[PDB]
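In order of appearance the chains are A, B, C, D and E, and numbering begins at 1 in each one.
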Amino acid sequence: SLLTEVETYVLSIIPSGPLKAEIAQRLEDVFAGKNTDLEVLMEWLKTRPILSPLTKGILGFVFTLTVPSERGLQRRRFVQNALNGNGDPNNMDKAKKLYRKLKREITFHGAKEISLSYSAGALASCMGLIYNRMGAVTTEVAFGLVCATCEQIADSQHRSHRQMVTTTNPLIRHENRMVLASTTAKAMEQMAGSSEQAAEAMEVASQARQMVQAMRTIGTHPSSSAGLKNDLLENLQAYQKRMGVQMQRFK
Amino acid sequence: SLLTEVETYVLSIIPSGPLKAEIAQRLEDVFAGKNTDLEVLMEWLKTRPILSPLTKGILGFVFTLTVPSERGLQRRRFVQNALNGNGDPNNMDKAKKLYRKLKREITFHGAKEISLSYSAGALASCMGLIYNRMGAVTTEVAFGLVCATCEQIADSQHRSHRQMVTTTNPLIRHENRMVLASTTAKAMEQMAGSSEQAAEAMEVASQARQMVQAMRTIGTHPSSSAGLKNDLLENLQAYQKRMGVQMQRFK
Amino acid sequence: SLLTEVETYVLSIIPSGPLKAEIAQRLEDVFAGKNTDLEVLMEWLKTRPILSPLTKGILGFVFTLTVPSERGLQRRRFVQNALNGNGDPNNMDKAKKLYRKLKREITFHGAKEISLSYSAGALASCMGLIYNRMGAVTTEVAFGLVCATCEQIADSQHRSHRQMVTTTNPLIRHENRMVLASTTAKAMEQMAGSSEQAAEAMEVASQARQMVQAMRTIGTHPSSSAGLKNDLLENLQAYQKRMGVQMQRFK
Amino acid sequence: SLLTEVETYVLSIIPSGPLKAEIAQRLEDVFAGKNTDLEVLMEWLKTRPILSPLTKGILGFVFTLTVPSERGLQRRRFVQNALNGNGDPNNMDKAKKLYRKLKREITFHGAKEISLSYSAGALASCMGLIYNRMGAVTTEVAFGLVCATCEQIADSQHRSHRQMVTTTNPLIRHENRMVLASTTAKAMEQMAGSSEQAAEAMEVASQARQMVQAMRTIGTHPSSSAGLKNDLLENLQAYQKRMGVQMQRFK
Amino acid sequence: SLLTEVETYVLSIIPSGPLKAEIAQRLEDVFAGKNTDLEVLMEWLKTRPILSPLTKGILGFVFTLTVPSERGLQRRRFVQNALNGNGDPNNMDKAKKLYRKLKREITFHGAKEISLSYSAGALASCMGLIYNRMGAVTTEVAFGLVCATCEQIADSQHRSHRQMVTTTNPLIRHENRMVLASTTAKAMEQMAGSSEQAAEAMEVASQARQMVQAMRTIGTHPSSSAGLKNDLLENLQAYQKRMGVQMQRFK
């Protein structure tokens, strides 16, 4: 498919959080064709929290093609300013070399290959060029390009969140055990509320949010959070395993 | 048959999604002869999301012949501009060589053979020529041509989605496991709602949309989605197997 | 028909507004033959707002032929001055070449063809010549000429409102969202007042005129009008859809 | 359209306030053709509050063309003095270069293009020239010019209200929170009075005008207005959201 | 906006009290355009209580431009005498340097910038110069100047009410607790009288005006007013919180 190969190369560049859980409803209802509007979506996406201007741009290049109409309205400025890359003079023709190449392709992987064998930042300049003409580059090709633009990025993270240096301090490794549990427990309040019982594991999750409120409220020793996530899951490995979704995945 | 050999060569060029699930209702109700209009259909098809201008053209060449009347109205422009191919001077006569050949045939496969033994892009120029005269080429022949025009395309994809290069990153292979499940689970909410129970597998599918909302909401590790689609199907391999449609097909 | 092929080639040259909604009642009641007078109509048409002197002329050449009598009164001057084209010496005979050609035809499309294969401005000189003799050119032929004179114009706009350059500023794209809604909402006050309820959507439309009065009265940010028309229609997609006319056409 | 592309390029140069909410009723009833007079309108527009003499001039060049008659009365002086630009000798011919160019055009965007590729202040000199002859420049062309004259202005603001330097003082940032709320609350008294209840949110808005009267009456600390607009909207996000217009737009 | 950026730079220079609560109704009804007169307003503003002659002048320079007419009457003398600054010979040309600069600008922030990069008292001399000619300085520019003139002032206070030296005496810190409460309680009598109950918190506020009358009537010890404001608010944190405006803002 082609729409389950674009959300994948688009949702993998966004940080993890309720932003990515909302965007993935907009992208969903955009493809399906619900009653939606663009300038609503582009304003909601310009005010946003943490998001690279490049990443606010790609999602503007996406929602402008996918939407059920050819509005052709004022090409919004946060995108056109985002995809130039602060005007690098050394790729103005390189993008045009690519824009004139991609004008010839008709399939998806034909473009993603050509665009991968290319720089990691001049692709945006082509995307900011297609965001001004969009005349002979069909949308399948363009999705081949953003899937390359966003794969050069996703590899930038995979070479980063693997080259990390884990922490030695206990204070920080105490809070990480509290965050993960207080976070994981807030989800389980939601994953259960849409179920039939919603009364045995909504509580087992709430108290592990209270117990974490207490440690911060008491100044407890960092040797107390040890085994807090995995001890939460075990207590609702019965209710929220078959009367819920599943477990041994959140850890 | 002849109408179950035209939807096949027309629905195989369109990307996969709710577009193709809607088009295949328009093509259905067009052949059957329900109360339908053309300029409605041609406007709805001009505003559309991802679709090659060539592919917006073929479907205009189809719906103009299949519709229960000979309107002969203004030959809409997105088609006539789409099927010329940006005016290639090297096939103006080659199409006319074909247009004068196809004028002689009376059967379907007689045209699809002749049109296959020919270029992959000059066929459109003939189709844009039949879209201006349509005088001695019966509709059976024309359907022989679009079935060739769209088989040269469907082979272009089969030589593309087989020459692909699978991904190595886990972030991207984490999202693909979320998309496929969140997508597959949205269908099962629909394939069940038209059934008698609609209450055991509509939930088993909804929670696997919630559990996927949680991972994005938590930033879970990419080793958690492993076995999420096939683990969904197993939990409604009982309800949505005999009280539904069938399974072990979606994977 | 012949009168539904003259209002079409005459109402397509007039700008959009209450002028065109009034003219199309005069042209209607002229053909039907209601109790009407000419010099009333020609005075009302000389004082008018935005209208090309050429376009004030064609409508004088129309209403003078269509009216239920052969007055033959003083050929009013705003027309005769409008159709000469500021006295081009290079078409005085070309029009007379056409006036002597059109004297031979008896059908409509026979004239519209001959007059199309001709200049875009010497046609008026023929029309200003027929506006002085009108002796052997039957009215069917003359309507063949104005339908050509006004098709050379309507193509001038189609090559203009398609070659436009959309706006980038938000202030201007903020007001356009206010105009379209405040305009569209004034119509819906009228399209509902001639109905049975006239009380649920007359209000839903009035408040969206008040909310737009407020933004101008407050100096609101240009990211507030986003989704104002389409948000209006949705709120009276229930009342003014079946207890009214129809929708999803105004957008 | 052409009248929804003139109010947009005319209402975007006027400051925000009840002036712009009144002008946009005059421009509305002028196009529609209600019983209106010019010298009333030109006197009402000469006495006015804050408005650039240039901006008082453009609206005189507009209302003189749009009005349902060709009065041709004494060309009022606040316009003719406004559009010369204090007699710049370096554009007397440049305007005449433009006046002789625009005499040839028949469409709208043909003029707006030509007039954009030109100075930002010599356009007025052409407009003050058309305000003295108005002989071969049709009104469509002239509206193409004011839409350019007023786009050179609207870009002057967009390069100004974006280059602003936000305030650091709390006293000033205390009053801005009071103005916006006391202003926004006065509108909501009006947007509700034309509704059925007009009794739950007319009060919720009035008290937030009283609470702001109190701070000025008490000399309250600048850390009290923090969250006053958005706290107002929340209290009538129930009444004045569906029994009114809409919200989350005024902020 | 431009009128919600002038009341802010004008109401921030006036002391806090019923003066500022009245002025902010005059400025409001001036912009909106109610039936108002100038010489009424300028007399009411000349007799006034505490107000710097400079501050009585700026508000005369404001109300003279904002008012719906061009009276051009006798330039009232309390302004013209106020804005010269007791005739400083060392800025007669500096203002004229500014008056000739500001004659060139057309936008607001363009003037406020230029006028900020300038003295804190020669701005008035320019304002007293514009109060005599007002010929080529549009009102938008002038409002750019008073917004600078009054920002040099508002910073003078922010460098004053922050450099204060708090009091050590208890007698004075006893009365301040009585004033704030007796003042705050008089407002709450008003903020409640425009509500539905006006009977539970109008009394809770009146008695805290009586209890303060008693201390003055008894000569009570300064350790009795401690916790009088915050103890008042708590007793009508129920009535005058949802059946009123809001609280925890007055402290």
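Going forward, contacts are C-beta pairs under 8 Å (C-beta built on N, C-alpha and C of every residue); 3 or more make two chains touch, one makes a residue touch a chain.
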Checklist entry - Quick one: most central chain, C-alpha centroids? => result D
Item to check | Contact-richer chain pair [C-E vs D-E] | outcome: D-E
Checklist entry - If you match contact pairs by residue number, which of C-E, A-B or A-C shares over half of them with C-D? => result A-B
Checklist entry - So, what's the distance in Å between the C-alpha centres of chain D and chain A? => result 41
Checklist entry - So, what's the distance in Å between the C-alpha centres of chain E and chain C? => result 56
Checklist entry - Between chain D and chain E, what is the separation of their C-alpha centroids in Å? => result 28
Next on the checklist: Give me the residue numbers in chain E that touch at least two other chains, ranges are fine.
Outcome noted: 1-4
Item to check | chain E-facing residues of chain D, complex | outcome: 15-19, 22, 46-54, 86, 153, 156-157, 160-161, 163-165, 167, 169-172, 174-176, 178-180, 182-183, 186, 203, 206-208, 210-211, 213-221, 224-225, 231
Item to check | Touch list for chain D against partner chain C, complex | outcome: 1-5, 7-9, 11-12, 15-18, 20-21, 24, 28, 31-33, 65-70, 106-110, 113, 136, 138-140, 143, 151, 154-155, 157-158, 183-184, 187, 190-191, 194-196, 244-246, 249-251
Next on the checklist: So in the complex, the part of chain A that touches chain C is made up of which residues?
Outcome noted: 35, 37, 39-40, 42-43, 46-47, 72-75, 77
Checklist entry - Across the complex, what residues on chain C touch chain A? => result 166-170, 173, 223, 226-227, 230, 234
Checklist entry - Can you name the residues of chain E that touch chain C in the complex? => result 1-4
